[PDB]
Each structure stands twice: as C-alpha cells, then as structure tokens.
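For reference, the chains in residue letters:
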Amino acid sequence: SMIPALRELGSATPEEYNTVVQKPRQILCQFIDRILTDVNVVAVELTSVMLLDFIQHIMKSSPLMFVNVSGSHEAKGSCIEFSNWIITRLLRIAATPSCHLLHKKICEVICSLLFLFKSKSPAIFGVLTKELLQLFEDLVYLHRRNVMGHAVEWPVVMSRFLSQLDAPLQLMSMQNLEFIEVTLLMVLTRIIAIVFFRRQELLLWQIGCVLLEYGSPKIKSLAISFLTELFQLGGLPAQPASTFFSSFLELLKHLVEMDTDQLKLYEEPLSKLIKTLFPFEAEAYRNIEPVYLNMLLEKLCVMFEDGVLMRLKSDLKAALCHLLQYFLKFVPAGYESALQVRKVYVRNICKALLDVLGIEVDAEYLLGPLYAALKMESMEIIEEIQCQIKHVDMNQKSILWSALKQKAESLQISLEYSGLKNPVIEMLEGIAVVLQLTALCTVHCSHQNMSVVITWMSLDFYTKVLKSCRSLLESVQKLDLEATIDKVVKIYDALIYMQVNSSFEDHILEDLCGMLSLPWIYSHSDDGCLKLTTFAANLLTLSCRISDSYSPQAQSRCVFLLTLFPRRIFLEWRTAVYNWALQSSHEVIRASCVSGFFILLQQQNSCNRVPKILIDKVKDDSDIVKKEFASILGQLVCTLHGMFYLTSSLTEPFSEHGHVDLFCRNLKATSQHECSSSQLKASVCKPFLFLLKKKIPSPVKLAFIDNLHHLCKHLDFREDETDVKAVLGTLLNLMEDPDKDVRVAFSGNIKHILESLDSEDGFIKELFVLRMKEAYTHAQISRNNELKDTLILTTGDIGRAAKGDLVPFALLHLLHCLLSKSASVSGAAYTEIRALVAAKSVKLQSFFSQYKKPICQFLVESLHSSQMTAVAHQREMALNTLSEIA
Amino acid sequence: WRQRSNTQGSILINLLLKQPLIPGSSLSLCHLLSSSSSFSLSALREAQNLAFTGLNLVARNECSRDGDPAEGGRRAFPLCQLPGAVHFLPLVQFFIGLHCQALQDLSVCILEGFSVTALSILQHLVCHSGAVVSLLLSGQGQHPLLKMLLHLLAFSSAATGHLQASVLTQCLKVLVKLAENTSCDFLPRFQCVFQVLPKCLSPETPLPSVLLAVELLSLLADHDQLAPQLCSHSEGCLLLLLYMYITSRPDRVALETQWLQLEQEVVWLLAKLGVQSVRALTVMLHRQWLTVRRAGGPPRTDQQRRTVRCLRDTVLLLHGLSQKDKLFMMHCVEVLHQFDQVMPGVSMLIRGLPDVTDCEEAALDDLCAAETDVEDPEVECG
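Residues numbered from 1 in each chain as written, not as in the entry; some residues may be left out. Chains lettered and ligands numbered in written order. Part of a larger assembly, values for the part shown. Heavy atoms only, no water. Residues with missing side-chain atoms left out of burial classes, pairs and counts.

Method information in the entry identifies cryo-EM as the source of the structure, with 3.79 Å recorded as the resolution.

The PDB entry lists chain B under the name ATR-interacting protein, with Homo sapiens given as the organism. What the PDB entry is called, per its title line, is "ATR-ATRIP bound with RP-3500".

Per the PDB entry, chain A carries the name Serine/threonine-protein kinase ATR and comes from Homo sapiens.

Structure, rendered in structure tokens:
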C-alpha cells in the first residue's frame, strides 16, 4: 500500500534501501496477518485468493522490492528471512486441509518467488532450495516413521523457514502431512528445471522415491509425475533405481487390487512414467541395468498371469501393452535374462493375451502386442531357414500361431452355433483381431516383405468367416447395428489387406465387393450397373436393414475398400459408388472416396491428367478433405505415372492413433518409376498450384509441403519453359506464403527441389533471381525480420543444393545482407555455406577463390552505396563491412 | 515394504554375478578365480577367498530392513552399511595393484581387461553401501587402492590407447560414484583425488570420460570449499578446458545425443556454481537452436526435448551471467551475430512451449536481441 516507498525503492542507496523496503514488506506482512491471524479465517470455498493474487501482482510489478539486485549480503540475509516468513505463512496455510485446497495460487506465490530469487541472484536460489529440500527431507522422514512403525509424533511444529520478522507448521493428521506433500511435489515439479545439479538431483530422486514407496494414491500420482520429470533429464542413477523399481513392482502388483477411481487418479501419470522410462526409441534399454529390467520382465509376466487386461478397469492396459512392446522389439532377447527364460516369459504372456483376446470390446492396445510377438517369431523362423525353395507353415512352427488359429476357429464356431449366446460385439472383436493380425502378418511376417514360402491361415477359413458375417447381417435384430457393422467392416479391411498382399479368386473377390457395397446400396439402388451386378439380388434385404443406420465413417471405410479392388471387377460399379459418394456432405466419406479414386481413375482410364471431378474437388473447399487431398495427390502424382500399382510396405504401427482403421490407407501406392512414366509436363499442377496459394488455409499447404518432394520427383522440368516457370513461381509463392513454418518448410523443400530439377537452366535461374529479389523488397517493406530470416535460410538451402552457377547467386544474395550490418544472416547462411563447401569437399577459402570475383564485385557495390549515401565514418562503416566479409 | 529390496539393496549379486557389465571381454568374477592369473597366487587365492566370503555375506546380508531407519547422515540415499563388500574389496585391490604395476612399466594386456572389469566391480560395490565407500575414502596413502587408482588416472591421462581409454571411463564412473556417495565433509578428503582431475581435463580425454568428469565437477562444486579450490587453477580457473571442449568438438564419432548429455551436465554444473556463490554457451546454443528451428513444432523425440530443456537452462545461465557481470556484452561482441540470432529464435521457441517459468521468461524479456540488422541494400542484391 505504501506506494511512495515502492517508487523510491530504486533511488534509495542499498544500505538504507533495505530498511525502506522492509517497511513495505512489513506492510504486506500485516496484510497477510489480517488474514493469517486465524488459520480457519472464514472458509476456502475451493477472501484470501485476492490476497494471494495481490501478492503475486506486487511481486510482478516490483521484483526488486522482494529482493535487491545489488546483493548486499546482510540485506540479502534479511530478505531471505522475510521470504522465509512469507513461506512459513503459506506453508501453515498448506498444512490445513481446507486451506491446502487453495493450492492454485499457493504454488503461484512461492513458485514465482523462487523463480525471481533465482533470476536476481543464483546463490539465494541455492540457499532457498536447500532449505526447501531440508523441509522435504523432514516430511519424507516423517512418512518413513509412519511406514516403519516408529513413534509417529502426529503433533509436530516442524519449524522450517523460521524467521524473526518482529510460524507453526501444525500437523494433526495424515491428511495434513500428505497435503504439505502435495504442495511440495507441485513446487518441486515447477522448479525441477533449474534445481538439476547432478548431485541435488540425486537427493530429489531419493526423496521422491521414498515418497512413492509409501504415500496416498494422489501423493503417489504427484510423485509419479515428479519422477517422470526427473527421468526425463538425468536418466536414472543406479542408486535410487533400486527403491524406484521396487516401488514400481509393488505398484504394478497393487494395480489389480485397486479401486476404479483410485486407479483413475494416477492412470495418466503412470502411463507417462511407462512411456518415459520405456520410450519407443531403441537403445532405451541400455540406460537401465538388465537385472532391473529382468525383474520387471518377470513382474509383467506374473501380471499377465493375473489377467490384468480383464481384472483392470481402464484400458489406458494400453500402457502395459506398450511396455510389453518395449520389452519385445526395442530390447533384444537374451540381454536381461536368457533367451529361453525370456522365451517362456513371452510364452506365458501370449497365452494370457489369447485368453483376454477371447473377450474384449476393443483390440487396438492388444493387436500390436500380438503383431510384435508373431513378428519376432517370423524373424526367428526366417533365421532358422536362413537359405533353405522351402515352404513353411507357422501354424506348425509357431505354437502361438496354432493357438491363434484355435481362438479364431473357436470364436467363429461359437458364432455359427449361436450368435445370440455369445458377446456378438466381443466375439466378433476377437475374430477381427486374429484375422487382421493374420493379414498384417501376411503383409509383414512373410519373407517377401523383408527363399522362404510361408503358409498363413487358409482361405477356406476366410470364406467361412464370409458366410459367418453374412449370417450376422441376417441375425442381429439390429440392436445397435453400428458397432456390429463397424466390426464387420474391420473384418472386411482385414480381408482386403490379405488381398493387397495376394489377390483372391475373382468370384470370392466379387463376394467381397458385394459385402462392401451392401451398405447404402438402398441409397444408390437405381443406376445402370445396379441390376447387372450379381451380389445385389442377394444383399437386397440385409442392405435394406442397413439403409440409414449405417455410419458415415463405415461408409468411408467400405468405399475405400471398394476402390482398392482391381479394375477388372465392376470397374464402372466402383466409379458409380464413388460418384454417389463424390459430393456428399459428410467429410469422412468425401476424404475416403477421393483417396480411393486417386487410384480408381488410373484403374479406369486416362492416367495422364487429374479427373474433372477431382478438379471440382480442388475447387470445393472442405478444407480437411483438402489436406488429406494434398496428401493423396502427393500419391496421385505417382499412381498417375505408375499403372495404379500399390506397394505392400512395412508400416508397422509405431504410432497408434487409438482406433486404427484402413490398413490399406496406411499402405502406400507406388509408381513404375520408368523413365517415360516419371516425366510429366505439368498439366495437373494448375489446380495443385491453386491449392498452394496463400488464401488456401495453412494446414493443407502443409500437407502439400509434405508431399512436395514426391510430387516434384514425379514432375519433369525439362520443357514448357513459361509453364514450368509458372510452376516454379508458385513454388516461390509458397515462400511468400504468410505462415513462417510453411516458409522454412519450403526452404527445406527447395533443398530437394534443386536436385529434383534435372538441370539448372538459365531462365529458371533468372526467375529465382527476380522472385527472391522482390521477396526481399517486400520483406524490407514490411520491416519484419522473420521474413528476412526465412528468406536467408532458403538462400542457404538453395546454396547447399546449388550447381556451379546458382551458388554465387545465393552466396551474394546473403552477402549483401551480411554486408549492410545484418547479423543473423552470418551465423545462419555463412554456416550453410560452410556445410556446402564441406559438401563441395573444399576449403572455404579455396571456395572463395572460385567466387572471389562476384564476392569482390559485391563488396565493391556495398562500399559504393556506403560512400554515396555519405571521412572517419566512411572508414568505420567500410571496416565494419570488411570485418563482416572477413 | 518388507523385503526391503535386500536383493536390489545388496551388492546386486545378480549384477555382480552377470555377463560383463562393460562391453565385451566376457568375464563374470571367479572366471578370474578359474583364472589363476602382489604378483603371485600367494595372496591371490587369499583375496579370492575373502571375496567369495564377502559375496556369501552380502547374500546373507540384511543390513537395511523394512525401511532402513539405521542409515543416517547428511548424505541423501544412504544405501546401507553392508560390511560384506568390504571382504570383496581385497580382490579388486590386488587386481588393480597388479594393473598399476603393469602400467608403471613400459608386460601383459589381459590384466587391463581384468582391470576394467575390476573397475566395473568397484562401481557396483560403491553403488550399494555407504559404509563401504566411507572406508574407501577414509582407509598418507590411506587405502592404497585409492592412491593407485589415482595413479591409474594419471597413467591414462597420457598415452591413452584403448584399454586405458576404457580405464578412464570406468574410473571416472567409480570416482563420481564414490564422490556422489560421500557427504559434504568427505569432500575435503576427496580433494586429494580431485587434484588428479585436471589431467582428465586435458584436451585429449574422450567424451565419456569428459561427461563423467563434469559430473564429478558438479559433485565437488556442491561442496563450499572444493569449488573455490577447483576454480583456483591457472588456465581459466580449470574451466577454460571445459569451455573449449564445448566449442572445439573434438570427436565426430560421438553422437550429438552424448554431446547433449555433456552440455546439460555442463550447464547444470555452472548453474550450481552460481548458487554456491559465454563463447561456449553461444556456440552450443547456435548448434542446438539450428537443430530445433529446423523443426517446425514441439520436439516429438526425447533427445530434442532434452535439447529444448538445454536451451531453457542455457538462456537461464546466460541471463544469470549478464545480470551478475556486465562484461558479458563485450564478451558477446565477438559472437554478437550468433547471439542476436539465437536469442530471438530460442526465445520464440520456448514461447512455443505451453509451460512457463517467468524466470527464464523474464530472461527472455531481458535479453531479447532482435532483427540483427538495420536494413540491407536491395540494389545489386544477389
């Protein structure tokens, strides 16, 4: 409140400034006391929140008030003591449960306080952090007395941060204790970034560890999040790793015998700790000792013996399955334990995985585990048939694959016997699991995917499943009709993945075509080929059942699959289904149908130009369809060159976006990449370059960015001088596109565009000259330096990717910037030139020799402009330019 | 909490009885007893029996139980007393004595592989007993193994080779372990071992030894008397070598992930140097900012996340030095262009991080070097 003192703070000399700043400190302390006279003032309702906000505000406005910048060691001790008084007030607030419930600003005050005491002087920061760590040590020692059965001493003053301002840290319950632990864990998570000192961090490890070993579930979660923050920086020291992994094992064991909300309150920190301690990146196992992870392995083993997947409540189960993945594929077999011990481990594992596969509602977090296991099985089978041609069967070689077959056939025969007596959603779920694992293995495990002829599940089983899902489309009473047909189309996508690895017989293929066209056939029942096709006369009724109830996402799925069929079967029918789904309102069906048609067109005919309907789709915005369209046209530029041929790539699910559908969508389409096919006079880019334009929203331009390398490697720049010149002018409009991330994206892209350019001609060089010139004029017009930075990074990119004649251009296009006075252009573009002369495999000075004539002419012109706009001033500015060029 | 992790809280006999902790050489311990190879089977079999007895002891050792209330002291994470590894110490003492005798003369090489396996053994030992490390430090030539491992550090400081190159790494491991396992009072007696670190600070030492040395420097600077003594050197207060290692980048096979570990350890050490009270900071910020700015969003990979946090605490250290000392600005003029381009970039990038600090953010608002220019002549450009 003493505003005059708060203003004269700076004018006062420090020796008495300390007194005249203690005075407003004492007034604010009186403001605290009028609240902190009684610990139970009125209520918390969650008044004092405005008081805490005013404290934070006085602090932001007057940082020098709370601590002097001149140090003044004695006054430094005084302000330390005053901050300690404030800390005691807020800590005795945090001890009372209701008042602790006000933690939101209760952090903010001391959190920012330590921030600012660090910013002003690091020594004060270290002292205050050591004080807070002593308090935390006292707290965890109290909890150790609790867990060890000692005399607990419930009533304790615990005078920490004590002061003589002229401060009880009262504790009467485990709730008071755990709540001061809440506040401590929060402030520690906030301050962990700077308190990392390679020794103090070990103390933090120990204290958070002993807190994790015994504490309330919410305290457990907060400590679990603190431990994540710790591991994210210092890895894991071997010393606390013992207690940490012991606490981890006991927590895992408890997880089964945990209440629902008790799980929920630490679910996400637990999963974060899994992902952090077990990252996807390989070599992550080298950080931790193999006996540690071996006991972790046996722990996960006995957990799966408990059937945790069924016994637990929350599927976010996904974390433990991701941990299982970490073990299996990232960590080699034979490092933690022996390969036989790890083998029997994963044997019990996959058996429990089968038992839970029998009954599950969703399979995403389970299918990946099975894929990894069967993948390693495939690899070891390939190794033991290293060169033997040999026809091999994993239903015989893999006991796991045989058990998978047993599960599949058992669920399918239970279906056939009675679909009503079984969990139609979950039985069909498991059937889908095994089937799309098979198909994933069909396209991945097999030796043709990396001499060995594998035999997967037979096709008679597949047509048995076809008849089964037909009977389901019959026998449902259409309860939900939504989730069930979603499962059926999952089975369908599994089948079509099996076909994209190896095509089917044309009649069973037709059966599949009809299975996918059955939905909304009653929306398009009246066209030419509607009566010519043979599946309609039998689907009619079950399709009448699915007329409007069919979900639009499932429409997307089935239309995509129908497009993925070869052109030899009902080509015009695929055309018709697309045209019906061409301009429909829903975003998902539009995206899927266009992503199917970018192959369906070349399937039909005219594999040289974009269809007029796809041009209309260029015009129609539906911007999300436009970004997925930018991606699928980055694909179209190849499948319009190749003969609509897709490539069966690996595409292991290294990132699962929850429900992963349309595996063929994740599968790539290739070109034949012949010399005639690869070249293309643009003829399609005009709508593409329209999509490039700045008025088009930025994310679709970013998808175009992503596709840029592909679409230029499939584009010819040999002829059509002015047309290819306009294509390049649009490539540089992409540089003038307002978003800066798109600009640096185009820089990294032109890095490859230059080599994709078959031969750097003269006219394109002059186009670059003039376009980058006008870009620089526009940038200096805006006076915004971000434009100059994006442009100079583009110059360095094009220089590193330059031919003989372009490198002096880009070299001088940054040299003038550096010449005037620009500083960023040096440490960016000059370093790019250094990397380039490393790519030129020459000395930077010898490189200067080959371009010393343009360089010297440009230093000539810099000195000309300097001498003409203006002696000692000329000398100093010329020497500045010379030292920069130096 | 009843088993007390006796098995983990022990020597980790599972670890002690495990395939070579070091990469290769396929050892395990009595394989060495099977290996009849302080120069005789005399006292060799004595140390072997002492080590086997100590192993049986640690197997039967339950020093800490149900929560370990006995382990007390200022040293956080006091492991346990564990008198068992004491009896294991004579074996590594004898093997490292043989190793030091094989090093002092201009011999055989297998003893050096046995030596580095013994160093890994020591690392395991000091990893799990506070009483063990306390006697290691306490016992002038006290505990001749300590003086002879210092002599090994000196022997490896020159004429590196490959075996001694590994000796550097494992000995730095065990020292930083012994250092970190010791309380503040033991740092004054750790000063004798600290006197050897300047030779490990020579521009020759490889990156793993370098980062372990920086960890040791941090552990020593946690002491209030060891930090000024270490800063009492000649070249740059013993930190000139460290800073020029940042800028020099001596190794190209060393992955920039390991370089980033080195950088984070260095900046945390210097931050501690601040709490107990430019060229290199700028060049590492240059490299890291190039790497992060080439990416258009938050680091999805963990290595680049650590890189971003390195940017965070590096600009923290930068603003700390500038507010502490105003010579920072003309210590910057020689690198002013790098600085004026990294500072705005890294500050915008950390603004891209949703979490805030308001201290590092106050640092951003304090430095905020912008636009690096006035304008460039558009005439005769490019």
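After that view, the rundown keeps rolling.
A. Focus on the overall build of chain B. From N to C terminus, chain B includes 19 helices and zero strands. Principal-axis analysis of the C-alpha atoms places the extent of chain B at approximately 85 × 55 × 40 Å. (Helix = DSSP H or I, 4+ residues; strand = E, 2+ residues; numbered from the N terminus.)

B. Focus on the overall build of chain A. In terms of helices and strands, chain A carries 43 helices and four strands. With respect to the three principal axes, the spread of C-alpha positions in chain A is 100 × 85 × 55 Å.

C. Local environment of the pattern of salt bridges. Between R783(A) and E375(B) there is a salt bridge; the shortest N-O distance is 3.3 Å. Placement of the pair is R783(A) in the loop between α37 (762-782) and α38 (785-800) and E375(B) in the segment after α19 (360-367), with the two residues belonging to separate chains. A salt bridge links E360(B) to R312(B); the shortest N-O distance between them is 3.5 Å. Here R312(B) lies in helix α17 (residues 302-324) and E360(B) lies in helix α19, a separation of 48 residues in the sequence. (Salt bridge = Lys/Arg side-chain N within 4 Å of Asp/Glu carboxyl O.)

D. Up close: the packing of aromatic side chains. Considering the side-chain rings of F196(A) and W268(B), the 5.1 Å spacing of their centres and the 45° angle between planes classify their relative orientation as tilted. Pair noted here: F196(A) is in the loop between α9 (174-195) and α10 (200-213) and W268(B) is in helix α15 (residues 256-275), and the two residues belong to different chains. (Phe/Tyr/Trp six-rings, centres within 6.5 Å; stacked < 30°, edge-to-face > 60°.)

E. The side chain of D716(A), seen in detail. All names here are of chain A. Mapping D716 onto the fold places it in the loop between α34 (698-713) and α35 (721-733). Separated by 2.9 Å, the side chain of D716 and the backbone nitrogen of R718 make a polar contact. Once you skip the residues sitting within four places of it in the chain, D716 turns out to touch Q679, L680, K681, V724 and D758. (Polar contact = N/O pair within 3.5 Å; in protein donor to acceptor, adjacent residues only side chain to side chain. Contact = heavy atoms within 4.5 Å.)

F. Layout of the packing of helix α16 (residues 279-293) of chain B against helix α18 (residues 336-352) of chain B. Residue and element names in this part refer to chain B. Relative orientation of the contacting elements α16 and α18 amounts to 50°, with a least axis distance of 9 Å. When the axis of α16 is compared with that of α18, the two are oblique. Relative to α18, α16 is oriented so that their crossing is left-handed. Contacts from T282, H286, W289 and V292 of α16 reach α18 at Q338, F339, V342, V346 and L349. When the residues that make up the contact of α16 with α18 are grouped by side-chain class, the tally is six nonpolar, three polar and no charged. (Axes fitted to C-alpha atoms, helices over the stretch in contact; angles between N-to-C directions. Parallel < 35°, antiparallel > 145°, perpendicular 65-115°, else oblique. Left-handed = near helix turned anticlockwise from the far one by under 90°. Nonpolar A, V, L, I, M, F, W, Y, C, P; charged D, E, K, R; others polar.)

G. How the structure looks around the interface of chain A and chain B. Between chain A and chain B, the residue contacts involve 50 residues of the former and 45 residues of the latter. Counting residues per element, the side of chain A that touches chain B draws most heavily on helix α39 (residues 806-820) of chain A, at seven residues. When grouped by side-chain class, the residues that make up the side of chain A that touches chain B number 22 nonpolar, 18 polar and ten charged.

H. Region of the structure containing the UniProt feature "short sequence motif: EEXXXDL motif" in chain B. Mapped onto the present numbering, the UniProt feature "short sequence motif: EEXXXDL motif" falls on residues 360-367 of chain B. The span residues 360-367 of chain B is 100% helical and 0% strand by assignment, and the distance between its end C-alpha atoms comes to 11 Å. (UniProt positions renumbered as here; feature names shortened; annotations may be inferred.)

I. Highlighting the state of the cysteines. All names here are of chain A. For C107, the disulfide goes to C111, at an S-S distance of 2.0 Å. Here the S-S torsion is close to -130°, and the disulfide linking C107 with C111 is therefore left-handed. Highlighted residues: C107 and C111, both in helix α7 (residues 103-120), separated by four residues, approximately one helical turn. (Disulfide = S-S within 2.5 Å.)

J. Here's a closer look at unusual backbone geometry. Positive phi is not limited to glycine here, since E153(A) has a value of about 55°. Note that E153(A) resides in the loop between α8 (122-148) and α9. Located in the positive-phi region is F77(B), a residue other than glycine, with phi close to 55°. Note that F77(B) resides in the loop between α4 (44-60) and α5 (84-104).

K. Local environment of the packing of α7(A) against α9(A). Residues and elements named next belong to chain A. In contact at an axis separation of 10 Å, α7 and α9 are set at 15° when each is read in the N-to-C sense. By the criterion of interaxial angle, the relationship of α7 to α9 is roughly parallel. α9 is crossed by α7, and the crossing has right-handed handedness. On the side of α7, the interface is formed by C107, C111, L114 and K118, while α9 contributes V187, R190, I191 and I194. Along the lines of polarity and charge, the residues of the contact of α7 with α9 split into six nonpolar, no polar and two charged.

L. Spatial organisation of helix α8 (residues 144-157) of chain B. Here α8(B) contains 14 residues, and its C-alpha end-to-end distance of 20 Å stays within 8% of the 20 Å for a straight helix at 1.5 Å per residue. Once α8(B) finishes, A159(B) follows within two positions and takes phi at roughly 55°, a positive value. (Expected span 1.5 Å × (residues − 1).)

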